[PDB]
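One structure below.
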Amino acid sequence: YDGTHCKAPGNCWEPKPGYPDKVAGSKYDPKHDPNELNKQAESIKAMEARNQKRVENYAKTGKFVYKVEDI
Amino acid sequence: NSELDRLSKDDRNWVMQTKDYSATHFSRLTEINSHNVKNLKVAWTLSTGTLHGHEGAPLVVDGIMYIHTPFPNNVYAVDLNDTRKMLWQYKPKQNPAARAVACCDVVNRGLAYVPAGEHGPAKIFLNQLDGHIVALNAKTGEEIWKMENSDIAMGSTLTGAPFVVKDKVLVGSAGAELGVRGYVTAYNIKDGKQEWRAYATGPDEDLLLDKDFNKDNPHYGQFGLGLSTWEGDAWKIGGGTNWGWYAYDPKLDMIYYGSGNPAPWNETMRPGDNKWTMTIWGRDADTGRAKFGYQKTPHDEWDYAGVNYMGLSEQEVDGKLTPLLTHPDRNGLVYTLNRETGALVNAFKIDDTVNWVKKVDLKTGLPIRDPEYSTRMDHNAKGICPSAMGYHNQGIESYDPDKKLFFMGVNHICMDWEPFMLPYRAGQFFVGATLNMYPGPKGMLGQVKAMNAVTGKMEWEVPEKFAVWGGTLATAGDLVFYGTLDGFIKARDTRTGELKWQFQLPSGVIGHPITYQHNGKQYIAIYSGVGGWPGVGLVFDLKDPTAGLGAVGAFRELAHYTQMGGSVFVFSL
Ligand SMILES: O=C(O)c1cc(C(=O)O)c2c(n1)C(=O)C(=O)c1cc(C(=O)O)[nH]c1-2
Ligand SMILES: [Ca+2]
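So the sequence lines, in the order shown, correspond to chains K and C. Under the deposited numbering, the first residue of the first sequence carries the number 23, and numbering increases by one thereafter. Under the deposited numbering, the first residue of the second sequence carries the number 29, and numbering increases by one thereafter.
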C-alpha cells in the first residue's frame, strides 16, 4: 500500500500485506449496530424540524421564540 | 458580503477572525514597526472572567471591540472610547454535559460579524459548544435568533467560528472523535433559515456536488466516491467535521474550507480512501455545490484533520499571475492550489522530517506513502512525523504580499500510535487509538517559519520551546507577531526572523494577535488564557502521558511555565 495504485480515479486504497480485503467477516469486523449508526441522522432531522417551527413562528408573528412548546 | 468586504479594507476594523476574506492577517499600518516595537507597552487590559483555552481573538468594527470566551461562550462588547465599561454582555445558559463531549478543551474560535442591511441591523454571530448558532444585535447585544445545528447527545458540538458570506452565515461541525459525520450549514442571516447543508461523506446528493464537480481535475475523483471509498454504512459515522477556517473569493463566488479526519482513528475499521474526509473544498456560495474537491490524506491513518486555514494570494506560477489558495495541513504538507480550477500547484513539506509520505506526486495529486510509518491494528508504530497534533494546527497564519511570504507557527511533534477495536455508541468517544507524543528530531516542540508557497523555498526558520499554536499577524512595519504556549507575545522582523520584542503575558496563548487603528493610534491585542489541545494536561490535571489523546506526555513541562487565565491585552506605543 503506497497510495499510488488506483482501482478508479479517486480510489487508490489497497489492504496492507497481511490484512484483509474487506473487514466484514475478518477479525477486524467493526460489527456496527445499524441502529446506533442511524441515530445521528435522526437527531439532525428532529433539529431541522424544530428550527423549521421557529422560522414559521418568526414569519407568522414577527417575534422570535426559541422554545417550541411556547409556540 | 460586499459591505463586509469593504469594512475589512479599513485599518480601523478587524471584521472577522481571518481579518479579510483572503485570510491574509496582514495590516498596512506602520506606526508600529521593526525599529520601534521594542518600545511597545501594555495600554489596557480586560478579564474575560473564565479559564480554559482562549482561541480566536477579538473583533473590532465601528469603534467597538467584541470579546468571547470558552464554555459557556459569554460575549462582551467594549466601546473603544470608554475601555473600562462593558457596553453589553450576552451570557448563554448551556447544558454542562456539553463539556464531556469536547475532545480537547472547551475552546471557541470566536465570533463573526455582518453590517447593517436589508436583513437588517448589524449582527454578531456566536457558535456555542452546545451546538447552537446565535445572532445578536451588534450595538445592544439583544438575542435576535437562535437555531440548533449540532446535537451534544450524539457527541456533536461546535468550536469553529461562524463565517458570514452575502446574506448567509456558515456553521461548521465537530466531534469526529465521537464518530460524528461532518457537515457545514448556511443559515440565512435575517431568519436563521437553513439554506443548505453539505455533508463530508455518503451519497452524492448529501455531498452537494456541482454537475461539473472536479471537471478540471477528474483524476482527483468525481461521483459516488463518498459511498464507494467505504465498506457498507461505515461512512454514516465517518468524520470530516469542519471546525477550522474558511475563505471566500467574491469574484468567483466560491467558499473555501477543509474537511476533517475520518472516524474512527483506528484505520483497520474503515478500509477505503474514506472520501471526502481530509478534503480541500471549493463550494459555490449561494448553493453550496462543490466545484472542486481535493483529498490530501486518503485513508487517514494519523488523525491529520484537514481543517486548517486557507490563505488566498495572487502569485506567478510559471510566469503567469494566478489566483491561489495556500493551506498548511496537519500532515505537514503546505498545499497550494489554483483556487478557480483546483489544480495542484505545489505540496511541499513544512519540515523535511515529515515521514508518513515521501512526496506528493503533483501530476497525480497522490501522496506516496512510506509503509514504514503506517498505522494499523496489531502494531505500535513508532517515530511518525507529524503526530496527530500536526506540524500545523488551528492557527490562522499571515501573508505579506510585497515579500510573497507566508509566516507560520509550526509544530515539531512526532508520535507512536497503536489502534484498538471498539464499538460505536452514539454519545461516547470513538477514537480507538493510544498515542504517545514527543518532540521531532530537531529536539524542540515549535518553530516559526517564512516561506514562499509556490516555490517551497524557506526564507527563515527559528526554534521555539513549545509548539506555536495560535497563528500569526504580519504587518507592513516588517513585523510578524504571535503568542507562545508558555505565555509570551513576541515580534520578529519579517525579512530575517530576528526577535525584536517580547512581553510576558499571564497565561499561554492559543489565539492570534490583531491590530487596528482607533483615533489615529495603532494598537495590537491578543487573548491570554492557555488550554486547547496542548493545554489539556494542565487544564484537567492529567498525569498519564497517553491521556488527552497523546498530548499529555508531549506537553508535561507546560505547567512549569503557565497556569490557566483569561484576559485580553492591548498594546500601543
Ligand atoms: O473531530 C473533531 O470533531 C475535532 C474537534 C476539535 C474541537 O472541537 O476543537 C478538535 C479536533 N477535532 C482535533 O482533531 C484537534 O486536533 C483539535 C485541536 C483543538 C484545539 O483548539 O487545541 N481542537 C481540536
Ligand atoms: Ca480530529
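Note that beta-carbon positions come from the ideal geometry of N, C-alpha and C, so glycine has one too.
Restricting attention to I441(C), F153(C), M282(C) and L570(C), the CA atom closest to the CA of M175(C) is found in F153(C).
If you check the CB distance, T73(C) and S600(C) do not come in under 9 Å. For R397(C), the chain K residues whose C-beta falls within less than 9 Å of its own C-beta are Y23, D24, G25 and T26, listed in chain order. Those residues that have a beta carbon less than 6 Å away from any non-hydrogen atom of ligand 2 are, in order along the chain, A204(C), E205(C), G288(C), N289(C), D331(C) and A333(C). Counting C-beta atoms within 10 angstroms of its own C-beta, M472(C) has fewer than 16 neighbours from the protein chains shown and is therefore classed as exposed.
Chain-ordered, the chain C residues with CB closer than 8 Å to the CB of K38(K) read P399, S402 and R404. With distances taken between CA atoms, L108(C) lies nearest to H546(C) out of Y589(C), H546(C) and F568(C).
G321(C) and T305(C) have their C-alpha atoms spaced approximately 10 Å apart. Nothing from the region 515-538 of chain C brings a Cβ to less than 7 Å from some Cβ of chain K.
Following the DSSP letters along the chain, one finds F531(C) inside the beta strand (DSSP E) bounded by residues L527 to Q532.
Looking only at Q74(K), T83(K), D24(K) and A46(K), the smallest Cα-Cα distance to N177(C) is reached by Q74(K). For the pair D357(C) and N408(C), the CB atoms are not nearer than the 9 Å cut-off. Going by beta carbons, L533(C) and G560(C) fall outside the 9 Å limit. Contacts with chain K at 9 Å (Cβ-Cβ) include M182(C). Residues of chain K with a Cβ closer than 7 Å to the Cβ of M592(C) do not exist; the shortest Cβ-Cβ separation is about 32 Å. Proximity of the region 139-147 of chain C to the region 120-130 of chain C falls short of the contact definition, fewer than three beta-carbon pairs being nearer than 8 Å. Between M449(C) and chain K, the shortest Cβ-Cβ separation is below 9 Å.
In terms of Cβ geometry, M436(C) and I378(C) form a close pair [threshold 9 Å]. Residues of chain C with a Cβ closer than 8 Å to the Cβ of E91(K) do not exist; the shortest Cβ-Cβ separation is about 14 Å. About 6 Å separates the CB atoms of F54(C) and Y427(C); that is less than 8 Å, so the two are in contact. Taking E526(C) as the centre and dropping the five residues before and after it, the same chain places the C-beta of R520 closer than 7 Å to its C-beta, in chain order.
Short of 8 Å from the beta carbon of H27(K), and not among the five residues preceding or following it, lie these beta carbons of its own chain, in chain order: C34 and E36. If you check the C-beta of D133(C) against ligand 1, you find a heavy atom less than 8 Å away. Closest in alpha carbon position to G563(C), among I552(C), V580(C), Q550(C) and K549(C), is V580(C).
When the Cα atoms are used, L59(K) and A454(C) turn out to be separated by approximately 8 Å. Residues are counted here when their Cβ sits less than 9 Å from a Cβ of chain K; for the region 184-209 of chain C these are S184, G207, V208 and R209, given in chain order. Scanning chain C for C-beta atoms nearer than 7 Å to the C-beta of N33(K) yields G249, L253, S256, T257 and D301, reported in chain order.
The C-beta separation of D244(C) from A371(C) comes to about 6 Å, placing the pair in contact by the 8 Å criterion. With at least 16 other beta carbons inside 10 angstroms of its own, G188(C) counts as buried.
In the displayed model, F191(C) falls within a strand according to three-state DSSP.
Segment contact: the region 455-466 of chain C against the region 482-491 of chain C, fewer than three CB-CB distances shorter than 8 Å; contact not assigned.
In the assembly as shown, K119(C) is an exposed residue. Its beta-carbon has fewer than 16 other beta-carbons within 10 Å. In the DSSP assignment, the residues bridged to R520(C) are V508(C) and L527(C). By the Cβ rule, the region 272-291 of chain C does not count as touching the region 245-255 of chain C, because fewer than three pairs are nearer than 8 Å. Residue pairing by DSSP puts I412(C) in a beta bridge opposite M443(C). Taking 9 Å as the cut-off, the beta carbon of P42(K) is found no closer than this to the beta carbon of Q250(C).
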